[PDB]
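Inside the fold
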Amino acid sequence: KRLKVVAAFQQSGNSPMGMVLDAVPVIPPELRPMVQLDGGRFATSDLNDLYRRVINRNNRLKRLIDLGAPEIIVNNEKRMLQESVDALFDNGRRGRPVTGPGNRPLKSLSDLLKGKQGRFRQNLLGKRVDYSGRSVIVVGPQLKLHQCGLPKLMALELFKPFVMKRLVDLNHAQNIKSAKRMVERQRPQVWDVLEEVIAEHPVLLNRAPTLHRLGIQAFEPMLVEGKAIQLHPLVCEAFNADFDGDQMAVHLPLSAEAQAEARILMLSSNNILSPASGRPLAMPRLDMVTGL
Amino acid sequence: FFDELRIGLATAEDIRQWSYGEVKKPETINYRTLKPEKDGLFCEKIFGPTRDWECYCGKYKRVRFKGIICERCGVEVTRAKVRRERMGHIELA
Amino acid sequence: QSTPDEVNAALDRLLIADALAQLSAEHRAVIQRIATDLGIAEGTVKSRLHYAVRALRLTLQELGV
Amino acid sequence: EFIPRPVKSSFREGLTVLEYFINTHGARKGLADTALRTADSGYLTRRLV
Amino acid sequence: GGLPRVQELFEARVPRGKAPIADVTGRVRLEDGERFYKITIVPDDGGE
Amino acid sequence: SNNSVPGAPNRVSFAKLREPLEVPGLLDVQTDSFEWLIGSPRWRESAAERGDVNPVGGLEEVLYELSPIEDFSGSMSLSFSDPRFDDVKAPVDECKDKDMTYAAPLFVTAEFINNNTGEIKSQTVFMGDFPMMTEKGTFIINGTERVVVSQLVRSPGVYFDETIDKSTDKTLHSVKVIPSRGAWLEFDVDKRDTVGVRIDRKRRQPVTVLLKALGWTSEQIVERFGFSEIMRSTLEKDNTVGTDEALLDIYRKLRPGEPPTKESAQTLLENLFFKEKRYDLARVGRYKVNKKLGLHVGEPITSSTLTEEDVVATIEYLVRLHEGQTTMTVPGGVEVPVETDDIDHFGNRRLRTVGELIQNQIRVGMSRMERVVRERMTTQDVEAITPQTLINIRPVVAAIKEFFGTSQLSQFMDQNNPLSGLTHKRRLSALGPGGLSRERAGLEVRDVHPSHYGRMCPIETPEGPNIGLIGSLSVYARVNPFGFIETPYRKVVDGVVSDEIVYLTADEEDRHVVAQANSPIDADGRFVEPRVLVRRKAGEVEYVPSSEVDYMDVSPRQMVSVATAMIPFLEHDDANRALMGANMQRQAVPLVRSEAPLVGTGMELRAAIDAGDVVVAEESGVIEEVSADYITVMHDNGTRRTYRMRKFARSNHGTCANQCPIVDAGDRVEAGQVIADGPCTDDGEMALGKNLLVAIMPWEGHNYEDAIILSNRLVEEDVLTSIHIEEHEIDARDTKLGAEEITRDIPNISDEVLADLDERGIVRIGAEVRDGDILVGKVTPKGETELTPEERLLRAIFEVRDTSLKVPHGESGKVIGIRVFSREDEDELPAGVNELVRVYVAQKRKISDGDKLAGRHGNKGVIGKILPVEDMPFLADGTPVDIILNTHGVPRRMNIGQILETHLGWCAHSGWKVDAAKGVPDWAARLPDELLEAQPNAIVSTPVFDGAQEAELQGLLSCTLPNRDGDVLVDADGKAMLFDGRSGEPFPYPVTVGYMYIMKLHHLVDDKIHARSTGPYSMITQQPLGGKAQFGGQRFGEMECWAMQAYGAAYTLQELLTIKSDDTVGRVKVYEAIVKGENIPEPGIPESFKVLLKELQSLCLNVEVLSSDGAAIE
Amino acid sequence: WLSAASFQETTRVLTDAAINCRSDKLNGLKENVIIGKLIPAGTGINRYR
DNA sequence: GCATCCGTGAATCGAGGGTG
DNA sequence: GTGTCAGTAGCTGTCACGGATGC
RNA sequence: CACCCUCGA
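Heads up: these notes are all about the structure in this document. Throughout, residue numbers begin from 1 within each chain and advance along the sequence as written. They need not agree with those in the entry, and any residue without coordinates is left out. The naming scheme follows written order: chains are lettered A onward, ligands numbered 1 onward. Note that these chains sit within a larger assembly, yet all values were taken from the shown part only. Side-chain descriptors were evaluated using all non-hydrogen atoms of the structure, hydrogens and water having been removed beforehand. Residues with missing side-chain atoms are left out of burial classes, side-chain pairs and their counts.

A short note on the overall build of chain G
For the purposes of this entry, the term helix denotes a DSSP run of H or I that reaches at least four residues, the term strand denotes a run of E that reaches at least two, and both are numbered from the N terminus. For chain G, the helix and strand inventory stands at three helices and one strand. Along the chain direction, N to C, the helices and strands of chain G fall in the order α-α-β-α. When its C-alpha atoms are laid out on the principal axes, chain G stretches across 40 × 20 × 10 Å. When the 49 residues of chain G are sorted by exposure, 47% land in the buried category. Taking contacts inside chain G between residues at least 6 apart in sequence as the whole, the part at least 24 apart equals 15%. Surface accessibility of chain G: about 2,400 Å² in total, with carbon and sulfur atoms responsible for 47%. Note on charges: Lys and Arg go in the positive column, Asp and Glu in the negative column, and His and the chain ends are not counted at all. All charge positions are set by atom: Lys at NZ, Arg at CZ, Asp at CG, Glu at CD. In chain G, which carries 7 positive and 4 negative side-chain charges, the distance between the mean positions of the two groups comes to 11 Å. Partly exposed describes any residue whose relative accessible area lies between the buried limit of under 20% and the exposed limit of over 50%, with all areas from a 1.4 Å probe on protein chains only and scaled to the type maximum. Note on contacts: a residue pair is in contact if any heavy atoms of the two residues lie within 4.5 Å. In these tables, accessible area is a Shrake-Rupley quantity obtained with a 1.4 Å probe, and a residue counts as shielded only by the protein chains included in the view.

Dropping the structure here:
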């Protein structure tokens, strides 16, 4: 195990001296921002407090070196600088964490990357997306398997730029700017125009938890009145979705490649069988099997 | 398109090569003028201007001065976007 | 906290860029910047700027801004 | 371990006071360990992924 | 068994059962008592 | 009759067991606690009649523990006494309006005693604004009603634990002496058969170290603990010996880095465990210890501190428990069993309510002030010092503000409907300071414990991550001054049931055996059957002879909560669906008009009344003048009291709290009668929903698994309509370039959008506003150096920007109220604000597709279709049903209640008439004579675990009343023949038809619908915001990325993680390409990944991106 | 090392990555998902791309 | 050569409200 | 400029598991 | 935005 560490420094060509620091970097300000409160007071990032404590102790070290303070003070101050830089990089790693106001351990640079709230899992493996919505789901028996019914007010916002384009084309609006104002004021012209936009433009429906890939499926959107999403009764099994307050999220594919992927790979009608067992899922399951 | 992502130990020389200046003073900002203190954790000479093409001393507030290092406050004149990428550093005694 | 969505500004520039093709290359090269480079007068500047603006204003209000 | 005393009543007959109270241990622990089982399952899933 | 058994299998852990196995094919040597259990195998071909 | 005490409607009950004690004040948990805290006359009379000797109010206790204050010499002293309150600063509603705190000034009497001069100066000192509790048990902080939740903590005392080692497989034992305050002390037996002690988390010292520190000779130690080899081996394996040696050992392990003086250690080792300064067992702690060890069992609880005798007896108890001993008598003490304690048993699990939780904070503040006092004494002169110079009340007010403002127990009050608020005030929370962390709660703290019977409900508990950590106090339960939860029981003398009721604690209950409530009892009191169901110590249920029952339960519903007691036929529903029913009753939405349920339980009345959202007459009298605004009552003596109705008030959760008078002008009203009822109330009873005509049948798949079909009648007649009110707020601040001004003059805004605004820029009352409309016109001056080049050109080719208050997306209603505060007009705003406007918008929400309805049995569902009144399957006489529930989602959930509830429901709507001729039938022999005849729309009660039995219900269905035409619509089975309103042909088979009580839950599509094209992005990560209120987008999580990858939709995944998210240039080019009609451009690099690289650099890691050639690229 | 640092033991992985001076060949689903490249699977492989 | 103790990890999405 | 004693709160009410750490 | 609470599938 020791060789495992030593041969690395041997071959790579980097000196082990890097493990001991003579200078510490300062993270840009926008990544440690200081915001203002509605009461006139200020709130700041914990990194600012950590860096500030380190700077205070470092400047005190310079003072002590210049003043020829007793060796005891200089050494006992270098120790505190060590502990403060240790907290800056990974607070709480050694010993007791640096407590903030309220006996709350301050976040460190290494805390920015760990766990569900870390950068990797929270902001890299899964982002938040534009052109998306969510609403309550309702069973729609009359729908076809490849169809889903979304509210008008959902589609209008989702397809806002498309509606603006077609409103300025058909001369319902003088310029694209006034088209935006028209959509934001919900003028009656959009509802007839919106239908042309959503025509054969598939959307993606997702229900958390997304356990398997059939937890997301593509559908052709149908403008429905009301404010609930209308879902086909046969896909409930795949989503494991009952109708007692369940909510589903809608995503609008934009690029031509995205629309093709949704139309061919992810359309509900092309995913009737369970990928785990091969047995069908979109089949008569509850009331349907009873009638038959 | 870029092939590999290399990671390694940061030499002190690299730490200094990244930094646009050393953070000497421990102050943060001023609680009246909202201006970041010079050589502080928000020094505009080091990290960048608070507002686009606006220097600290207020001599250069226009876009005509693109790339001018102000002589009275030492702040460059680019977009505030650089406050998201310019690193500082503390030189340890 | 949080940064707004660049809709408006972008739509505005998308129009401004649509009323830039309705121009002549000289008014364009002038508006995109001065009398020291283009090698002309300052009155020629003031004017070309003046008439070029008025063409921009005319075009914009033609579209209904 | 199973209780040496059963729940004789049916939901059509009507549980006694103590019958309901004694059903609740198992019911609540059912919900609790279900939450825990789901947690461990999801973790195993991400590992396998 | 159960889900922890699935974890034991996927993590290559030293299982709870820790059942032994015949390292060499041969004749069984049941030497059962009550104090303890010891079992030997006489290799069907050569071996020890 | 049911609930014949205030003058309520005559609800008839199927009750077979009489109620010996009527339900207590459901709000006594908060009330009694606070009254004890401030020592009100009512609390003192309560303690006086209770037999208490020397009771102490909450403030008096703190002030006595503090008094006196002396320096190190003792030449100066300061003492406090007699706390009193002046009148309240501002009334409750005014506090809500003006965003201030409901409080009363606290006065105390302090006096300075000077020993070197022999003269005392005593005066009154104002201590601070003390937050006061409303009559409804709530506090008001900064204009918000909050509730202080009772906390389940670990009771002080001595506890023993038997753990099992993992590697050596031997039984180890440990002990913890948990005080009410101070350092902790835990003994243990490791796996080497040696005894040790950890003092305040510190290192584990040998148990003999402590004995040596106290002055005990090694030989006497061997004398006491010689019967065990483990203690002998401990004294042998000891390192140092000597009274003055182990003491310094303790000192250097407890307070390291200091010079060890023999007396410096002798001082603290006596102060940390035997002086009342830094260690104190409350009276309850001392009592608990005195029982567990069996010492001082006769002494009055006067020693508030631990003694050496206790430590010795404790170590003896431990060492004997380790080696199998089961009995022990302390030298000079009574015999006591040797066992381990549960720490979940409600005799060891204590409950501290509002009074105690506030007392601890006042204590912290008072100590923080005491130190400043001792410092200020030795600074000022010793003759011009007054209580006013020594007292700094800053930390006290700061302490109570820190508590109410920031505390897990000061919770935003649940104000959906009265029942929700009541339950909230009767909550028992295990989380919080001094208790435990959520990550520190195994599957054992959450499940039901046999001691919860009659104390904490086993049903009402959240099903989320807080399951088992939050309970509701049982109905008849109360809290004793010690903190434990008592419950009443009927004392059985000699196999005879007595009306003598006594309240027992958990451990007190275990020392006897109690019979179940529904035991057959003679009219005199003797049990009918020799064997009876009996609950026994350690939660053991078995039959026992009648001559063994000591006590028995008061009422069948003794074990359930208030909400749970509100479920009819509760005995026929499983605990899961019952949990959901009780939890969803608290989510009911107050309807425009409220209808009391036909099928009730009896608890509705007292729930509504004790909730406090109605108007009850304090004193009897007649109504002199009644209006929609107020009600004036002329008493008999001559005085007049006027109750003001709360009309269209915004609840904490947007519901409408609206009170309406019931009595009329000149109506005789008795004391305690409901003269006006509020939301979800009808004549004083909780009306959380409506009685709906239900048919149980599948219908064309629109009700498929748990979906609900409703009749448009409920829309046309506002049967399920509800009012919701939103509060909108904006302020005008001082900016760097001037000051934001609220003006009707807004740049580049038409006169058509501003047509509904007054001259100030504020919307006028009564105007209907859609989403996006201007409510308050505010413009803010923007500097010139902040303008886009295209913006500057557009300004040149043609200084304030629009910051008006617009209506958020999805909101719409009538503007009903406006409130304006101006710094110019004396209005005290936060520094930097000149004006503040609040606009109240009210919306009348009809039932819509997707709204969530539910019953009382966890039978929930959304509205999948609202058919016209003619399409609905209608009964024989033409009446169309109101709601269709799918049958398949009924027998799986084991909620037979609804079925029964349905049947009885119909019997209540139509009425019945039992054949009295030829005697009373054999099934109705047990029914009261009041039930043999019932008119249509009759009110009935099915008490929990009592009430209607299936046989009696069968009979009632046999004798249902006919309709107006003389026809009986439903069969004895309870089903009826329905006609399909769409085709006309009658449905082939009879269908169960009845009336069910359905509630409108607070989960409406009008609030839960959301969609986003673009919008705000977080500055750091450049990813779209979250939440509907911030106009955020949905989170494409990790599992969903796995879904995309599984489908192989590579381009869709990249699109999701680049141009649709945090590609700074890509998303803009996408917007442009959409409005241009061009194709979608190529995605760029996520800004979040740039942030990742910069963050890895911040940790001294040189991350670099290399091209195919090998050169690092920037 | 980027696919491992995003799984578990982030610090423990990045330390070893910096010591061994490891280079990440940006050719994996997790990695390209992080940096926003097309996943080398499905419609992302070179045959169909 | 081996028991102790350190550090790692522990489902997904969504709503509203409070304070520092 | 400072000058007699002058001295944390809080808390353990999670757990399984592997391997470096340490007696 | 940091934490906190309550809640929903």
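Some details on helix α11 (residues 308–322) of chain F
Residue and element names in this part refer to chain F. Multiplying 1.5 Å by the residue count of a helix minus one yields the expected span of that helix. The terminal C-alpha atoms of α11, which comprises 15 residues, lie 21 Å apart, in line with the 21 Å expected from a rise of 1.5 Å per residue. The buried fraction of α11 is high, at 13 of 15 residues. Immediately beyond the C-terminal end of α11, within one or two residues, lies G324, with a positive phi of roughly 80°.

Looking at a nonpolar patch on the surface
Among the surface-exposed residues, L48 of chain D together with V6, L9 and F10 of chain E lie close enough to one another that they form a single nonpolar patch of about 390 Å² accessible area. Within the secondary structure layout, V6 of chain E lies in helix α1 (residues 3–10). With a relative accessible area of 30%, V6 of chain E lands in the partly exposed category. For patch detection, residues must exceed 30% relative accessible area and be free of salt bridges, and they are connected within 9 Å for like charges or within 5 Å for nonpolar side chains (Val, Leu, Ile, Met, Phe, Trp, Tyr). What makes a salt bridge here is a side-chain nitrogen of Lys or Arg within 4 Å of a carboxyl oxygen of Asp or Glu, nothing more.

Considerations on the pattern of salt bridges
Residues and elements named next belong to chain F. Under the criterion given, the structure shown has 92 salt bridges over all chains. Ionic pairing is found between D52 and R50, a salt bridge with its closest N-O pair at 2.5 Å. With relative accessibility at 34%, the residue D52 sits in the partly exposed group. When the shortest N-O distance is used, the salt bridge between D610 and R606 registers 2.7 Å. Pair noted here: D610 and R606 are both in helix α19 (residues 603–611), with a separation of four residues, about one helical turn.

So, the side chain of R856 of chain F
In this fold, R856 of chain F is placed in the loop between β51 (852–854) and β52 (860–867). Once residues within four sequence positions are removed from consideration, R856 of chain F is found in contact with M566, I567, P568, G581, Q585, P597, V599, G600, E901, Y997 and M999 of chain F.

Observations regarding the pairing of strand β41 (residues 722–735) of chain F
Residue and element names in this part refer to chain F. Note on pairing: DSSP must find at least two bridges between two strands before they are called paired. Strand direction decides the pairing type here: β41 and strand β50 (residues 833–845), joined by 12 bridges, are antiparallel. Across the sheet, the residue bridging to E729 is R838, located in β50. With two bridges joining them, β41 and strand β42 (residues 738–739) adopt antiparallel strand pairing. Counted as the bridge partner of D734 is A739 from β42.

Describing the protein's contact with RNA strand J
Near RNA strand J, the surroundings consist of 19 residues, among which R207, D242 and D246 of chain A together with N466 and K852 of chain F are the closest. Taking all atoms of RNA strand J within 4 Å of the protein, the share assigned to sugar and phosphate is 97%. Polar contact is the term for a pair of N or O atoms within 3.5 Å; when the atoms are in protein, one must be able to donate a hydrogen and the other to accept it, and sequence-neighboring residues count only if both atoms are side-chain atoms. Between RNA strand J and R207 of chain A, the relevant distance is 2.4 Å, taken from a sugar or linking oxygen to a side-chain nitrogen or oxygen of the residue. Here a sugar or linking oxygen of RNA strand J and a side-chain polar atom of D246 of chain A are 2.3 Å apart. Polar here means any residue outside two lists: the nonpolar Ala, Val, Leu, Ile, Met, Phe, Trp, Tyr, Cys and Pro, and the charged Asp, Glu, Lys and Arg; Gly therefore counts as polar. Partitioning the surface near RNA strand J into residue classes produces two nonpolar, seven polar and 10 charged. A cutoff of 4 Å decides nearness: a residue is near a molecule or strand if any of its heavy atoms lies inside that distance of it.

Details of the arrangement of the chains
Ranking by contact count across 12 pairs of chains in contact places chains A and F at the top. Separated throughout, chain B and chain C approach each other most closely at a C-alpha pair spaced 10 Å apart. Chain C makes no contact with chain D; the smallest distance between any of their C-alpha atoms is 31 Å.

Describing the sheet that holds strand β43 (residues 741–742) of chain F
Residue and element names in this part refer to chain F. Taking strand neighbours across the sheet as the criterion, the three strands line up as β43-β46-β47 in an open arrangement whose pairing is antiparallel. In the strand order of this sheet, the two ends are held by β43 and β47 (800–802), each with one partner. Sheet analysis places β43 next to strand β46 (residues 778–781), joined by two bridges and oriented antiparallel. Bridge pairing in β46 places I742 opposite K778.

Remarks on the packing of aromatic side chains
In this description, a pair of aromatic rings is defined by centroid distance and the angle of the planes. Ring pairs shown here join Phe, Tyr and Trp side chains whose ring centres sit within 6.5 Å, with only the six-membered ring taken for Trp; geometry is labelled stacked below 30 degrees between planes, edge-to-face above 60, and tilted in between. Under the defined criterion, the tally for this structure stands at 16 aromatic pairs over all chains. Taken together, the ring pairs connect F34, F85, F130, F139, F403 and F404 of chain F into an aromatic cluster. Directly above the ring of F42 of chain B sits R32 of chain A, whose terminal nitrogen or CZ lies 4.8 Å from the centroid. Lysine NZ or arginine CZ positioned within 6 Å of the ring centre and within 35 degrees of the ring normal marks a charge as sitting over the ring. Its guanidinium or amino end placed over the ring of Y1017 of chain F, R1012 of chain F lies 5.0 Å from that ring's centre, counting from NZ or CZ.

Things to note about the pairing of strand β24 (residues 531–536) of chain F
Residue and element names in this part refer to chain F. Bridge analysis of strand β23 (residues 514–515) against β24 gives two bridges, and the strand direction is antiparallel. Bridge assignment links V514 to a residue of β24, and that residue is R535. Looking at chain direction, β24 and strand β25 (residues 540–545) are connected through six bridges and run antiparallel. Considered in β25, the bridge of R535 is made with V541. Here β24 hands over to β25 after three residues, with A538 in that stretch at a positive phi of 65°.

A short note on the protein's contact with DNA strand H
Taken together, 29 residues lie around DNA strand H, and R121 and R134 of chain A together with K191, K1028 and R1035 of chain F are the ones closest in. In DNA strand H, atoms within 4 Å of the protein come 89% from sugar and phosphate. Take the surface near DNA strand H: its biggest share by element is four residues, from helix α1 (residues 17–48) of chain D. Residues belonging to the surface near DNA strand H are distributed by class as follows: eight nonpolar, 10 polar and 11 charged.

What to know about the sheet that holds strand β34 (residues 660–661) of chain F
Strand order in this open sheet of three strands is β28-β36-β34 (chain F), and the pairing throughout is antiparallel. Bordering the open sheet on either side are β28 (615–616) and β34 of chain F, each of which pairs with just one other strand.

Some details on the interface of chain G and chain F
At the interface, 17 residues of chain G touch 15 residues of chain F. Carbon and sulfur atoms make up 72% of the surface buried where chain G meets chain F, a total of about 1,400 Å² over both sides. At the junction of chain G and chain F, the tally comes to one salt bridge. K30 of chain G is the salt-bridge partner of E1038 of chain F, the closest N and O atoms lying 3.9 Å from each other. Across the contact surface, chain G and chain F share two residue pairs in polar contact. At the level of elements, α2 (10–19) and α3 (29–35) of chain G are the ones that each hand at least two residues to the side of chain G that touches chain F. Per-element tally for the side of chain G that touches chain F: the top contributor is α3 of chain G, with five residues. Partitioned by chemical class, the residues of the side of chain G that touches chain F number 11 nonpolar, four polar and two charged. Buried area, as used here, totals the accessible surface that two parts lose on assembly, with accessibility defined by a 1.4 Å probe and the loss added over both.

Let's talk about the state of the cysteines
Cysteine sulfur atoms are paired as a disulfide whenever they come within 2.5 Å of each other. Considering all chains together, one arrives at zero disulfides over all chains under this definition. Free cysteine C57 of chain B: the closest other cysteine sulfur is in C70 of chain B, separated by 3.5 Å.

With respect to the nonpolar core
What we call a nonpolar core is a set of buried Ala, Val, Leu, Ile, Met, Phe, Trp, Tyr and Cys residues that are connected through their side-chain atoms within 4.5 Å. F159, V163, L205, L231 and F243 of chain A are the most contacted members of the largest nonpolar core, which has 66 residues in total. Contact partners of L231 of chain A, with chain neighbours within four places excluded, come to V138, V139, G140, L143, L205, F219, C236, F239, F243 and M248 of chain A. Ranked by size, the runner-up nonpolar core spans 62 residues in total, among them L50 and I55 of chain A together with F2 and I7 of chain B.

Some remarks on the side chain of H857 of chain F
Residue and element names in this part refer to chain F. Relative to the helices and strands, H857 is located in the loop between β51 and β52. The class of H857 is buried, set by a relative accessible area of 0%. A distance of 2.5 Å separates a polar atom in the side chain of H857 from a polar atom in the side chain of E901.

Here's the deal with the interface of chain F and chain A
Taken residue by residue, the interface counts 89 residues in chain F and 85 residues in chain A. Summed over both sides, the interface between chain F and chain A buries roughly 7,700 Å², with carbon and sulfur atoms accounting for 59% of that surface. Considering only the surface of chain F that becomes buried against chain A, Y704, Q1034 and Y1047 of chain F emerge as the three largest contributors, covering 11% of it. Residue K227 of chain A is joined to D1006 of chain F by a salt bridge in which the shortest nitrogen-to-oxygen separation is 3.4 Å. Inspection of the region where chain F meets chain A yields 42 residue pairs in polar contact. Contributions of two or more residues to the side of chain F that touches chain A are made by β52, α24 (1005–1008), β59 (1010–1012), α25 (1038–1047), α26 (1050–1057), α27 (1064–1076) and α28 (1087–1098) of chain F. For the side of chain F that touches chain A, the leading source of residues is α28 of chain F, giving nine residues. Where strand β4 (residues 132–139) of chain A meets β59 of chain F, three bridges bridge the pair, whose relative direction is antiparallel.

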